[PDB]
Amino acid sequence: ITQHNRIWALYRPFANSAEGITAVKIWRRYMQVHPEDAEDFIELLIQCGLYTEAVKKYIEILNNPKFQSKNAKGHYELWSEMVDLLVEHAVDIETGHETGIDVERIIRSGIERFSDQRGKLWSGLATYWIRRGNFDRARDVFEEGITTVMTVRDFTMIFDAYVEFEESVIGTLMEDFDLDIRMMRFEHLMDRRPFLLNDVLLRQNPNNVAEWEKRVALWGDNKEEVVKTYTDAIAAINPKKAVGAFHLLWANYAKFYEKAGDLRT
Amino acid sequence: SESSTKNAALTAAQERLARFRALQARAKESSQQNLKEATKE
Amino acid sequence: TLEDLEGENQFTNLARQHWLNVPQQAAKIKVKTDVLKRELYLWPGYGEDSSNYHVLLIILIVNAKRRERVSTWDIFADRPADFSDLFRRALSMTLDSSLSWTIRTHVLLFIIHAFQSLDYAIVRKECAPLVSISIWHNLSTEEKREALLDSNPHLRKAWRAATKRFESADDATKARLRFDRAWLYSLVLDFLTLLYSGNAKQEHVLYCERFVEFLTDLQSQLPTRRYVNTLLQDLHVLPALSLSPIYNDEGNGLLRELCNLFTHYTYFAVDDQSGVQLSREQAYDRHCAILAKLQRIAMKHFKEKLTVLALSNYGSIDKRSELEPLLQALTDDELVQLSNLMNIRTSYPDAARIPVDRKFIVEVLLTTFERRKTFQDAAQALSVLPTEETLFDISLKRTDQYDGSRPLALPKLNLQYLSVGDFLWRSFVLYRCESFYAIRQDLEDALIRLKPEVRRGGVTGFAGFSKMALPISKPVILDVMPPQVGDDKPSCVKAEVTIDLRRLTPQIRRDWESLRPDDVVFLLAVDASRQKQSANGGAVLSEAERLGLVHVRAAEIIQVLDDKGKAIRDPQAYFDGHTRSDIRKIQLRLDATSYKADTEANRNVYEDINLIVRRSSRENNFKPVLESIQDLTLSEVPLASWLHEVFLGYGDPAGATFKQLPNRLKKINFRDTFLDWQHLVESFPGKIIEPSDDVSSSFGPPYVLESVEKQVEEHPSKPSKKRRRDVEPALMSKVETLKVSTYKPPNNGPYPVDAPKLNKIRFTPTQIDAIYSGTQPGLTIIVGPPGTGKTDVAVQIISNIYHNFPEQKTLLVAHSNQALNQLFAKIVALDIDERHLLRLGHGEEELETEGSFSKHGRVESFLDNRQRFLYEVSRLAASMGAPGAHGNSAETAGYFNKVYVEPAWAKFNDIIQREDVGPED
Amino acid sequence: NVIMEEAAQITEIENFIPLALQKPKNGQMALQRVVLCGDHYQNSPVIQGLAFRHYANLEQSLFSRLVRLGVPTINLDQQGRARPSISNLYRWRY
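Here you go:
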């Protein structure tokens, strides 16, 4: 084994000078005994164009919990680099059940593991879908990320990426039914953005009665929406730890129902 | 008619461009508001 | 049953009073009225003048024979006109509602048995018009039929051929075809009317279950499914059954499960016309196209009320709850207009009186727009590890209590399948159900032997003694690995379980201490105090609640350790030696999905587990089989195209043979398959066999047979168009020229051990043909009785494949260890190398062969052969005067043998290449 | 090349497992010869579940299904193990 390691160290320059598929096989044989240079093997595969092999090697390295990076590379940084490589090579890398490369499942696993950048992960998935040409999949991913963002920065980044993609699509189309549907969905998202922001704020801190009052003001003349927002604020906000203006919330609820024109209820 | 149809298509394209510009301005304002809200958070 | 029908029954008395009213003075002989004798007397006497009672009795006898696995298609195929008349009478009785519900259920069961017996020519001919294109002619919308004809040119050609046949037919044949189509339509309408009538009894529920099973069987058979799925989609049978009060009853769990199975079979991801299995991407694309068409129809029809519905995404409208408010916003008239614009039957016939309201239309639209997972997703969602709910399921209890009186919602294996993935999923479901039933039976036996009860302080104790179960404390989790890439569940969750074997017997202690790695065990939390609530008169307890078992979690024991936490290096020395402590520790990997579900739902099953149940080594291999079945179902390509076409039961069944495959071998070296030329001539009758050389004398073994096809000389005859009607196509057998070639076998050395083994068995011509078919590429089936030399023919075919194709790999599959040992002995008797022969199996099995074919035995044989070869190489180097120790290592022996022999062999070949060198030189 | 013996006594899933033991190469399987030697008149595989054996037809084998479908099979007509009386008693079904 020690002589095999010495022979591998001696033939590493020979494998580097040989290049190509022979060097890929030599690197695989070396990683069969010494897999510490798997990052160098992935770099050589990227230099040779083996995106699927590099993705499989990264998945195998992430599956092993005892794997330590030689260059002190973080697991989150490696996952972000793999996501960026998948987004930049969404058409070059073949995705299917035969190769075992599931971009959506891996993105969901990364968002569940890293919920701080889950909105950024959804934005990256939307960018990968845009690079793959699936505009409907990118729009659905953006909608799911907007509806599942508990972070203000991640939601803002996802909304900015979706707005940039929609603006690029509108500029490309202007210079039929699908574009109109995308524009209507973007208009509905812009209309419900205050509601989504209020929901995200209530998820972060439901105790903000001032935020609930701002949401009720943003509801406007829709009386059923206004009534259900007060009932949700009643059921959600604990008065023992509320931080907004709960007494003013009951006050303008009373004002709204008085201007409605009834007294008893 | 091929002349009035072209004028109607041009008017529809101008209305779509104005709507796209208004949507872009609203998206910029919403992005600024979201950045302010993120800074507040 | 047969004995009940043999007795003095009402049907037998009616048949005696009606058909046995002859005035002949028969002798008073006490002859038993056997079912076979009655069937023989009624079948020859069956005719067009027979009453409906005789047809009902024949249908009941056929159903009893099918339930008892007795063939009845040959007796009906003896008289084809009588069988056709009986089938027409049965179809008329099934279409007629004047008969009782039991008679209708019996007729439906007979029709389902006939459909499952479609391999018979008479049954296939009778069921051909029922699943023909006449069902598409009876569609609700003619525009949908026109679009279906325009989409598939083959469907349009079939419809045109059916229309031409109906127009060219007489009154009788056209009336029969219209009667069959109207009988199918009236059966669907009567099923809908019975479902929507309400106040259904047990007979009505049984008839509905039989109809659901018949629909599932029709959807299973693809040639019938290609029209049955379209008919069910046009008639909206699923929305009618969902809104039916019979399926809404709490007691109709089996009916609901059968309806779910029929819906899954109807919504299978496979092409109805082409027969190609659709992937998840194809189903997603079809759902997206349907959603886009619905959005376009909404934008062109009701864009004011359904602006949000037509402006949303595919994922925001595929949910029934998401689309519920959009449908509630629209009115009933708008929904009816949308259904009419989508070629959906929003109105039924007045005879069926099917209620078509706004709720029914909303349910139909929700079912049509619902996204359904593929069969691969359903197979992946199924858990291989059984649980407490999976073992004590209502479907498993119904299958355990099943006796053939009622249908079951389980997959059925037949001659034809919708897809290879569908068949793999059906086999996986059947294996999982069998494993769950076996695990439930083992757990019930262990709980009965343990006899759990409530001790002092409320602690659940065990009164009886069970050998396969042991009381244990709460296990402690040792480690939890991180989740894998793309997998929510963890990679591994290893825990430690403490067991005691002081009170156990020495055999039980030895069996527990010698547990194999990754052995399937169940950690069971059981409390028998709640069974006292069953004594209180509360709710009806289940089998697990009556037995006291509360929860069960599967796990795989990987290693067994002593009381000090050290692994036992020598198990034989530990068993023979005196153990200092009787307490042992076992490391077990828990189910990752079950542990994740328990942690997410905050379930402390591991902190309450009070028993551990093991099983036998042979009976605990269902988990790997289920995993392999799930992997095969999830695999896109599990077999070759020709093998999948042959296994699917579609197309020509002889297409996988060597005569139809394009990769047939022209010349095959039989070597020593034929003992002599006379044996080869007798084994190849009816075929012209001539020698390859010009010598007319017969040649012995070895022989190579080449099947050279004789070229037909196309003479320049005039194209006479007169003699073309009476000239039928003669079935002239293609006499393949069997060219026999003889070659001198190469010598393997002057030693007597170098002589190759030759076959000394004179094979029959059928055995020779089977060996020739097996040697040629393709699919071969050898039907051999006991004592027909099937093992010898298989060994000869394996030897021929090894000799002809050294680069090919042979995979022998056996069912018993004795058969594998006999095959190994036959291969050793033949010219098969022991180094290339290997056996796969458990290492504890005794090897009946003279040589050990296991991995350790093969390694030992290879080491002995290496030592012998090293000694021979050292002797050869000493004889040749080669300096050094050439027999030290195998690589050194090869290098020395090359560097010595290769120049020497080259010099010898150069000396022999000279024309002046004689035999002495 | 894969050759199976007593295919009627083995399940269809167990028979298809040996045909899919190797992964396909370039979208196609490497199997070329598939031989199945058995006797459809022999005993079927044992199934613990009565409903699975009868209603679900889990006891049906791949060789029996291929024989019922109409696949071309070679039938051996020579027996040399038992006595002529026992062979003739066993030749009634064949």
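Chains as they are written, first to last, in the entry's author numbering: chain A, 141 to 315, 331 to 420; chain B, 69 to 109; chain C, 24 to 944; chain D, 1040 to 1133.
Beta carbons: idealized from backbone N, C-alpha and C, even for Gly.
Item: Check the Cβ of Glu83 of chain B against every Cβ in chain A and list those closer than 8 Å, keeping chain order.; Value: Chain A residues near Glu83 of chain B: none, gap ~11 Å exceeds 8 Å.
Item: Hey, how far is the Cα of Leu438 of chain C from the Cα of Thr680 of chain C?; Value: 19 Å
Item: Distance check for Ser912 of chain C and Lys921 of chain C, CA to CA, integer angstroms please.; Value: 14 Å
Item: Closer than 6 Å by C-beta to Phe919 of chain C: which residues in its own chain qualify, once you throw out the five before and the five after it? Chain order, please.; Value: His909
Item: Name the chain A residues whose beta carbon is nearer than 7 Å to that of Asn336 of chain C?; Value: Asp276, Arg279, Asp280, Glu283 and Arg340
Item: For residue 965 of chain C, go through chain D and note every residue whose CB falls closer than 7 Å to its CB, in chain order.; Value: Residue numbering for chain C in the displayed model covers 24 to 944; residue 965 of chain C lies beyond these limits and cannot be assessed.
Item: Among A:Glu315, A:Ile270, A:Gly240 and A:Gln257, which has the Cα closest to the Cα of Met290 of chain A?; Value: A:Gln257
Item: When the cut-off is 7 Å and only beta carbons count, does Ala86 of chain B lie next to chain A?; Value: no
Item: Following the continuous beta strand (DSSP E) through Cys1076 of chain D, name the residue where it begins and the one where it ends.; Value: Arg1072 to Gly1077
Item: With which residues is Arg694 of chain C paired in a DSSP beta bridge?; Value: C:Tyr726
Item: So which residues on chain A does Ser339 of chain C lean against when the C-beta distance must stay under 8 Å?; Value: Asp280 and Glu283
Item: Using the beta-carbon count (16 or more within 10 Å), is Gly904 of chain C buried or exposed?; Value: exposed
Item: My parser needs the beta strand (DSSP E) runs of 3 or more residues fully inside the region 813-870 of chain C; what are they?; Value: 834-836
Item: Does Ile186 of chain A come out as helix, strand or coil in the three-state DSSP assignment?; Value: helix
Item: Determine the DSSP secondary structure at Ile270 of chain A, reduced to helix, strand or coil.; Value: helix
Item: If you run the structure through DSSP and keep just helix, strand and coil, what is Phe786 of chain C?; Value: coil
Item: Between which residues of its own chain and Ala163 of chain A is the CB-CB distance below 6 Å, once the five residues before and five after are set aside?; Value: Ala155
Item: Answer yes or no: do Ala1095 of chain D and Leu453 of chain C have a C-beta to C-beta separation smaller than 7 Å?; Value: yes
Item: Is it buried or exposed for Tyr302 of chain A, if we count other Cβ within 10 angstroms and need 16 for buried?; Value: buried
Item: Which residues in the same chain have their Cβ closer than 7 Å to the Cβ of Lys55 of chain C, if we skip the five residues on either side of it in sequence?; Value: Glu29
Item: So, does the region 86-103 of chain B touch the region 292-306 of chain A, judging by three or more C-beta pairs under 8 Å?; Value: yes
Item: Excluding five sequence neighbours on each side, which residues of the same chain lie with their C-beta closer than 6 Å to the C-beta of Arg525 of chain C?; Value: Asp605
Item: Is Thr196 of chain C buried or exposed, if buried means 16 or more other CB atoms sit within 10 Å of its CB?; Value: exposed
Item: By the three-class DSSP mapping on this structure, what secondary structure does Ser418 of chain C have?; Value: helix
Item: Whose C-alpha, out of C:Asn633, C:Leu266, C:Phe415 and C:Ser107, is nearest the C-alpha of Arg199 of chain C?; Value: C:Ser107
Item: Look at the alpha carbon of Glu869 of chain C and the alpha carbon of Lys878 of chain C, and state the distance between them as a whole number of angstroms.; Value: 13 Å
Item: Since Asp27 of chain C is in the alpha helix (DSSP H), which residue starts that stretch and which ends it?; Value: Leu25 to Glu29
Item: What are the start and end residues of the beta strand (DSSP E) that includes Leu329 of chain C?; Value: First-last for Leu329 of chain C: undefined, no H or E at that position.
Item: CB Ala400 of chain A to CB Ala365 of chain A, shorter than 7 Å?; Value: yes
Item: Which residues in the same chain have their Cβ closer than 6 Å to the Cβ of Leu238 of chain C, if we skip the five residues on either side of it in sequence?; Value: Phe285
Item: Assuming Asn840 of chain C contacts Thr696 of chain C under a Cβ cut-off of 8 Å, what Cβ separation, rounded to an integer in Å, is found between them?; Value: The pair is not a contact, with the Cβ atoms about 28 Å apart (cut-off 8 Å).
Item: For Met314 of chain A, which of helix, strand or coil comes out of DSSP?; Value: helix
Item: Quick check on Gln100 of chain B - is its C-beta less than 7 Å from some C-beta in chain A?; Value: no
Item: For the candidate residues C:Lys762, C:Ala778, C:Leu761 and C:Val763, whose alpha-carbon lies nearest to that of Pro769 of chain C?; Value: C:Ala778
Item: What three-state label does DSSP hand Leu634 of chain C in the structure shown?; Value: strand
Item: Looking at the strands, I want to know which residues DSSP matches up with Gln582 of chain C.; Value: C:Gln610
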